[PDB]
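Shown next: entry.txt, given as compact mmCIF, N, CA and C atoms.
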```txt
# COMPACT_ATOMS: atom_id res chain seq x y z
N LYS A 5 0.83 -1.21 0.00
CA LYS A 5 0.00 0.00 0.00
C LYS A 5 0.87 1.26 0.00
N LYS A 6 1.81 1.33 0.95
CA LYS A 6 2.83 2.38 0.88
C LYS A 6 3.78 2.14 -0.29
N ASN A 7 4.04 0.87 -0.63
CA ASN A 7 4.75 0.47 -1.84
C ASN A 7 4.19 1.20 -3.06
N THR A 8 2.90 1.00 -3.31
CA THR A 8 2.25 1.55 -4.49
C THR A 8 2.06 3.07 -4.39
N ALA A 9 1.77 3.59 -3.20
CA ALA A 9 1.53 5.03 -3.08
C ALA A 9 2.80 5.82 -3.39
N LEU A 10 3.92 5.39 -2.81
CA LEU A 10 5.21 5.96 -3.17
C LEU A 10 5.39 6.00 -4.67
N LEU A 11 5.25 4.84 -5.33
CA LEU A 11 5.45 4.78 -6.77
C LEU A 11 4.51 5.71 -7.51
N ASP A 12 3.29 5.91 -7.00
CA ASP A 12 2.36 6.80 -7.69
C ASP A 12 2.79 8.25 -7.57
N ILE A 13 3.29 8.65 -6.40
CA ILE A 13 3.88 9.98 -6.29
C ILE A 13 5.06 10.11 -7.25
N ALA A 14 5.85 9.04 -7.38
CA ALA A 14 6.97 9.06 -8.31
C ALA A 14 6.50 9.27 -9.74
N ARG A 15 5.41 8.60 -10.14
CA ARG A 15 4.87 8.80 -11.48
C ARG A 15 4.47 10.25 -11.72
N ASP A 16 3.72 10.84 -10.79
CA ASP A 16 3.39 12.26 -10.91
C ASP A 16 4.65 13.09 -11.06
N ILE A 17 5.69 12.78 -10.27
CA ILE A 17 6.93 13.55 -10.34
C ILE A 17 7.54 13.45 -11.72
N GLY A 18 7.85 12.23 -12.17
CA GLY A 18 8.65 12.11 -13.37
C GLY A 18 8.40 10.88 -14.22
N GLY A 19 7.15 10.39 -14.24
CA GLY A 19 6.82 9.38 -15.21
C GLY A 19 7.50 8.06 -14.91
N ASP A 20 7.68 7.26 -15.97
CA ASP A 20 8.20 5.90 -15.81
C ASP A 20 9.64 5.91 -15.33
N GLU A 21 10.40 6.98 -15.64
CA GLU A 21 11.80 7.03 -15.23
C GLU A 21 11.91 7.18 -13.72
N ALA A 22 11.15 8.12 -13.15
CA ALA A 22 11.08 8.25 -11.70
C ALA A 22 10.73 6.93 -11.04
N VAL A 23 9.82 6.17 -11.63
CA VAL A 23 9.45 4.90 -11.02
C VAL A 23 10.61 3.92 -11.12
N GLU A 24 11.37 3.96 -12.21
CA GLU A 24 12.56 3.11 -12.30
C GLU A 24 13.60 3.51 -11.25
N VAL A 25 13.76 4.83 -11.03
CA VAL A 25 14.76 5.32 -10.11
C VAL A 25 14.42 4.91 -8.69
N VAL A 26 13.17 5.16 -8.28
CA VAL A 26 12.72 4.78 -6.95
C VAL A 26 12.88 3.28 -6.73
N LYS A 27 12.50 2.48 -7.73
CA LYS A 27 12.59 1.03 -7.56
C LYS A 27 14.04 0.57 -7.42
N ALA A 28 14.96 1.17 -8.19
CA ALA A 28 16.35 0.76 -8.06
C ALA A 28 16.93 1.25 -6.73
N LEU A 29 16.57 2.47 -6.33
CA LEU A 29 17.00 3.00 -5.05
C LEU A 29 16.57 2.10 -3.89
N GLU A 30 15.27 1.75 -3.81
CA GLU A 30 14.81 0.86 -2.73
C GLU A 30 15.52 -0.50 -2.79
N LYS A 31 15.75 -1.03 -3.99
CA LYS A 31 16.38 -2.34 -4.08
C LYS A 31 17.82 -2.28 -3.59
N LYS A 32 18.45 -1.12 -3.69
CA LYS A 32 19.86 -0.97 -3.37
C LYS A 32 20.09 -0.42 -1.97
N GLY A 33 19.05 0.11 -1.31
CA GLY A 33 19.19 0.81 -0.04
C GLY A 33 19.65 2.24 -0.20
N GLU A 34 20.94 2.42 -0.51
CA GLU A 34 21.51 3.72 -0.81
C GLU A 34 22.23 3.63 -2.14
N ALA A 35 22.27 4.75 -2.85
CA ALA A 35 22.91 4.77 -4.16
C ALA A 35 23.33 6.19 -4.50
N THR A 36 24.32 6.32 -5.37
CA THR A 36 24.65 7.63 -5.91
C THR A 36 23.83 7.87 -7.18
N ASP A 37 23.74 9.14 -7.60
CA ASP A 37 23.25 9.49 -8.92
C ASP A 37 23.80 8.55 -9.98
N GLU A 38 25.14 8.50 -10.05
CA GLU A 38 25.81 7.73 -11.07
C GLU A 38 25.43 6.26 -11.00
N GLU A 39 25.41 5.69 -9.79
CA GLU A 39 25.02 4.28 -9.67
C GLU A 39 23.59 4.08 -10.15
N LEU A 40 22.73 5.08 -9.93
CA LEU A 40 21.34 4.91 -10.32
C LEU A 40 21.18 5.06 -11.83
N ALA A 41 21.90 6.02 -12.43
CA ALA A 41 21.92 6.13 -13.89
C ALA A 41 22.36 4.83 -14.56
N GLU A 42 23.31 4.12 -13.95
CA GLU A 42 23.77 2.86 -14.54
C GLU A 42 22.81 1.73 -14.24
N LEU A 43 22.28 1.66 -13.02
CA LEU A 43 21.28 0.63 -12.77
C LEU A 43 20.10 0.79 -13.73
N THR A 44 19.65 2.02 -13.96
CA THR A 44 18.37 2.21 -14.62
C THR A 44 18.46 2.45 -16.12
N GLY A 45 19.55 3.05 -16.63
CA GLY A 45 19.62 3.53 -18.00
C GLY A 45 19.17 4.97 -18.17
N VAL A 46 18.51 5.54 -17.16
CA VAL A 46 18.15 6.95 -17.20
C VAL A 46 19.40 7.83 -17.14
N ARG A 47 19.32 9.02 -17.72
CA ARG A 47 20.48 9.88 -17.73
C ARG A 47 20.68 10.49 -16.36
N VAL A 48 21.94 10.80 -16.06
CA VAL A 48 22.30 11.22 -14.71
C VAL A 48 21.68 12.58 -14.39
N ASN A 49 21.58 13.47 -15.39
CA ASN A 49 20.93 14.75 -15.14
C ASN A 49 19.48 14.55 -14.75
N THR A 50 18.85 13.49 -15.27
CA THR A 50 17.46 13.21 -15.00
C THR A 50 17.29 12.40 -13.71
N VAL A 51 18.20 11.45 -13.45
CA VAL A 51 18.23 10.82 -12.14
C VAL A 51 18.37 11.88 -11.07
N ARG A 52 19.26 12.83 -11.29
CA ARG A 52 19.47 13.87 -10.29
C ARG A 52 18.22 14.72 -10.12
N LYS A 53 17.64 15.21 -11.23
CA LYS A 53 16.45 16.05 -11.11
C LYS A 53 15.30 15.31 -10.40
N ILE A 54 15.13 14.02 -10.69
CA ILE A 54 14.15 13.22 -9.96
C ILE A 54 14.48 13.19 -8.47
N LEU A 55 15.75 12.98 -8.13
CA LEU A 55 16.07 12.81 -6.72
C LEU A 55 15.85 14.10 -5.95
N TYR A 56 16.21 15.25 -6.53
CA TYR A 56 15.98 16.50 -5.82
C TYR A 56 14.49 16.80 -5.70
N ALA A 57 13.68 16.27 -6.62
CA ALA A 57 12.23 16.39 -6.48
C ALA A 57 11.72 15.55 -5.32
N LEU A 58 12.20 14.31 -5.22
CA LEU A 58 11.83 13.47 -4.08
C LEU A 58 12.32 14.06 -2.77
N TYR A 59 13.45 14.77 -2.81
CA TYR A 59 13.97 15.41 -1.61
C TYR A 59 13.08 16.57 -1.19
N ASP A 60 12.68 17.42 -2.15
CA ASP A 60 11.77 18.54 -1.87
C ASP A 60 10.40 18.07 -1.40
N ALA A 61 9.89 16.95 -1.96
CA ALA A 61 8.67 16.29 -1.46
C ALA A 61 8.89 15.58 -0.11
N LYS A 62 10.08 15.75 0.47
CA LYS A 62 10.49 15.07 1.69
C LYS A 62 10.19 13.58 1.65
N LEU A 63 10.37 12.97 0.48
CA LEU A 63 10.30 11.52 0.33
C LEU A 63 11.67 10.88 0.14
N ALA A 64 12.74 11.66 0.17
CA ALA A 64 14.08 11.11 0.01
C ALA A 64 15.05 11.96 0.81
N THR A 65 16.04 11.30 1.37
CA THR A 65 17.10 12.01 2.03
C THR A 65 18.42 11.55 1.43
N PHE A 66 19.49 12.20 1.83
CA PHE A 66 20.79 11.82 1.32
C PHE A 66 21.86 12.04 2.36
N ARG A 67 22.99 11.41 2.13
CA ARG A 67 24.15 11.68 2.95
C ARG A 67 25.37 11.86 2.04
N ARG A 68 26.22 12.81 2.41
CA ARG A 68 27.25 13.33 1.51
C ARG A 68 28.63 12.83 1.90
N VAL A 69 29.44 12.54 0.88
CA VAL A 69 30.81 12.05 1.01
C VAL A 69 31.72 13.00 0.23
N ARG A 70 32.85 13.37 0.83
CA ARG A 70 33.83 14.19 0.14
C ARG A 70 34.74 13.27 -0.65
N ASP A 71 34.78 13.46 -1.97
CA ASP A 71 35.68 12.71 -2.83
C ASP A 71 37.03 13.38 -2.73
N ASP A 72 38.04 12.64 -2.30
CA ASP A 72 39.24 13.35 -1.91
C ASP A 72 40.23 13.57 -3.05
N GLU A 73 40.08 12.86 -4.18
CA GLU A 73 40.83 13.26 -5.37
C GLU A 73 40.47 14.68 -5.80
N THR A 74 39.17 15.01 -5.85
CA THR A 74 38.70 16.28 -6.42
C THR A 74 38.25 17.31 -5.39
N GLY A 75 37.92 16.89 -4.17
CA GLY A 75 37.40 17.81 -3.18
C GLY A 75 35.93 18.15 -3.34
N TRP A 76 35.23 17.55 -4.30
CA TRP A 76 33.80 17.76 -4.45
C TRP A 76 33.01 16.68 -3.71
N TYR A 77 31.78 17.02 -3.34
CA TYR A 77 30.93 16.01 -2.70
C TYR A 77 30.18 15.18 -3.73
N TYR A 78 29.82 13.98 -3.34
CA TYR A 78 28.82 13.22 -4.06
C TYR A 78 27.86 12.63 -3.03
N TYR A 79 26.57 12.58 -3.38
CA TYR A 79 25.52 12.17 -2.45
C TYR A 79 25.23 10.68 -2.53
N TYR A 80 24.85 10.10 -1.39
CA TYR A 80 24.27 8.75 -1.30
C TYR A 80 22.81 8.96 -0.92
N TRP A 81 21.92 8.68 -1.85
CA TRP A 81 20.50 8.90 -1.64
C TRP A 81 19.86 7.65 -1.07
N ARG A 82 18.74 7.88 -0.39
CA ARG A 82 17.89 6.80 0.07
C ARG A 82 16.47 7.31 0.18
N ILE A 83 15.53 6.40 -0.01
CA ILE A 83 14.11 6.71 0.15
C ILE A 83 13.82 6.87 1.63
N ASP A 84 13.02 7.89 1.98
CA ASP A 84 12.59 8.12 3.36
C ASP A 84 11.07 8.11 3.44
N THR A 85 10.50 6.98 3.85
CA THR A 85 9.05 6.86 3.99
C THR A 85 8.55 7.31 5.36
N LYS A 86 9.45 7.78 6.23
CA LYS A 86 9.05 8.18 7.58
C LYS A 86 7.84 9.11 7.55
N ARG A 87 7.90 10.19 6.78
CA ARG A 87 6.78 11.10 6.71
C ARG A 87 5.94 10.91 5.45
N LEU A 88 6.06 9.77 4.78
CA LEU A 88 5.17 9.49 3.66
C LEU A 88 3.69 9.61 4.01
N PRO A 89 3.18 9.08 5.14
CA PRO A 89 1.74 9.22 5.42
C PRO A 89 1.27 10.66 5.44
N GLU A 90 1.99 11.54 6.14
CA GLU A 90 1.62 12.95 6.13
C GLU A 90 1.78 13.57 4.75
N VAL A 91 2.67 13.03 3.91
CA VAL A 91 2.84 13.55 2.56
C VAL A 91 1.67 13.14 1.66
N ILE A 92 1.27 11.86 1.72
CA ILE A 92 0.10 11.37 0.99
C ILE A 92 -1.12 12.23 1.30
N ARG A 93 -1.32 12.52 2.59
CA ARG A 93 -2.49 13.27 3.03
C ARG A 93 -2.43 14.70 2.51
N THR A 94 -1.32 15.39 2.79
CA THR A 94 -1.15 16.76 2.33
C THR A 94 -1.44 16.87 0.84
N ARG A 95 -1.02 15.88 0.06
CA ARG A 95 -1.21 15.96 -1.39
C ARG A 95 -2.68 15.79 -1.75
N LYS A 96 -3.41 14.97 -0.99
CA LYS A 96 -4.85 14.83 -1.19
C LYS A 96 -5.59 16.11 -0.83
N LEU A 97 -5.35 16.63 0.39
CA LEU A 97 -5.98 17.88 0.81
C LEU A 97 -5.74 18.99 -0.20
N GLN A 98 -4.49 19.13 -0.64
CA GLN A 98 -4.15 20.15 -1.61
C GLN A 98 -4.90 19.94 -2.92
N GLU A 99 -4.91 18.70 -3.42
CA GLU A 99 -5.66 18.46 -4.64
C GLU A 99 -7.14 18.72 -4.43
N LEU A 100 -7.65 18.43 -3.23
CA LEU A 100 -9.07 18.67 -2.98
C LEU A 100 -9.38 20.16 -3.03
N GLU A 101 -8.61 20.98 -2.32
CA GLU A 101 -8.98 22.38 -2.30
C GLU A 101 -8.45 23.15 -3.50
N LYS A 102 -7.67 22.51 -4.36
CA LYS A 102 -7.58 23.01 -5.73
C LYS A 102 -8.93 22.85 -6.42
N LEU A 103 -9.63 21.75 -6.14
CA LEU A 103 -10.98 21.59 -6.67
C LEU A 103 -11.95 22.57 -5.99
N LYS A 104 -11.79 22.79 -4.68
CA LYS A 104 -12.69 23.69 -3.97
C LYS A 104 -12.73 25.07 -4.61
N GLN A 105 -11.59 25.60 -5.04
CA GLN A 105 -11.63 26.95 -5.59
C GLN A 105 -12.26 26.98 -6.97
N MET A 106 -12.14 25.91 -7.76
CA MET A 106 -12.85 25.90 -9.03
C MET A 106 -14.35 25.91 -8.81
N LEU A 107 -14.80 25.34 -7.68
CA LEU A 107 -16.22 25.35 -7.36
C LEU A 107 -16.68 26.72 -6.90
N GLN A 108 -15.80 27.47 -6.24
CA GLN A 108 -16.03 28.84 -5.81
C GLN A 108 -15.81 29.87 -6.92
N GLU A 109 -15.47 29.43 -8.14
CA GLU A 109 -15.30 30.27 -9.33
C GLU A 109 -16.03 31.62 -9.33
```
Will you turn the file into structure tokens for me?
Amino acid sequence: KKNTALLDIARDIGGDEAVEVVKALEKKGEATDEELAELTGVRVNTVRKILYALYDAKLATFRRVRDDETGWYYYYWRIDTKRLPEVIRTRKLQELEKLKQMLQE
């Protein structure tokens, strides 16, 4: 039930690619952008844009590692269902009162 609801939010976010990304992420526990682009075949710019969307929806978190050859960070993402129930609800309420204002036209 939370399995499918997560994936449905992913579809709204980014279609079949988002659903591939979420599924590979859950199967792997944690993953980098690059690891997810290779697991899935989706491009890394799009894996990344999906992940930052899941992060803004507070459905994903990450933890950062400093790559010491270059000094730049790279993220290890993971799905965070902790607040998924409140997210599912908020999205319903919001969609409902988007309808409410069309009725108040």
Next item on the list: Excluding residue A:67 and any residue of its chain fewer than 4 positions from it, enumerate the residues within 5 Å of it, using all atoms listed in the file, and give them as a PyMOL selection string.
Entry: chain A and resi 79-81
Around all the atoms of stretch 34-39 of chain A listed in the file, draw an axis-aligned box and extend it by 5 Å on each of the six sides; I want its centre and edge lengths in Å to one decimal, as AutoDock Vina command-line options.
```
--center_x 23.4 --center_y 6.0 --center_z -5.8 --size_x 14.9 --size_y 17.1 --size_z 20.6
```
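We find atom CA of residue A:88 and atom C of residue A:101 to be spaced 20.6 Å apart.
Around stretch 38-45 of chain A, within 8 Å and counting all atoms listed in the file, the residues found are residues 24, 25, 28, 29, 34, 35, 36, 47, 48, 49, 50, 51, 52 and 79 of chain A, once anything fewer than 2 positions away on its own chain is removed.
If you look at atom CA of residue A:85 and atom CA of residue A:63, they are 6.1 Å away from each other.
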Margin query: Report, in Å with one decimal, the straight-line distance from atom CA of residue A:66 to atom N of residue A:37.
Written below: 9.8 Å
Check: Which is closer to residue A:64 than all the others in A:76, A:10, A:104, A:46, using only C-alpha atoms?
Finding: A:10
Margin query: as JSON, numbers by chain, please: every residue in chain A that DSSP puts in strand (DSSP E).
Written below: {"A": [64, 65, 66, 67, 68, 69, 70, 77, 78, 79, 80, 81, 82, 83]}
Item checked: Test item, alpha helix (DSSP H) assignment across chain A, answer as a PyMOL selection string -> chain A and resi 6-32+37-44+48-60+88-107
Notebook entry, point to check: Nearest to residue A:91: which of A:61, A:103, A:109, A:74 is it, counting all atoms listed in the file?
Noted result: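 Using all atoms listed in the file, the shortest distance to residue A:91 belongs to A:61.
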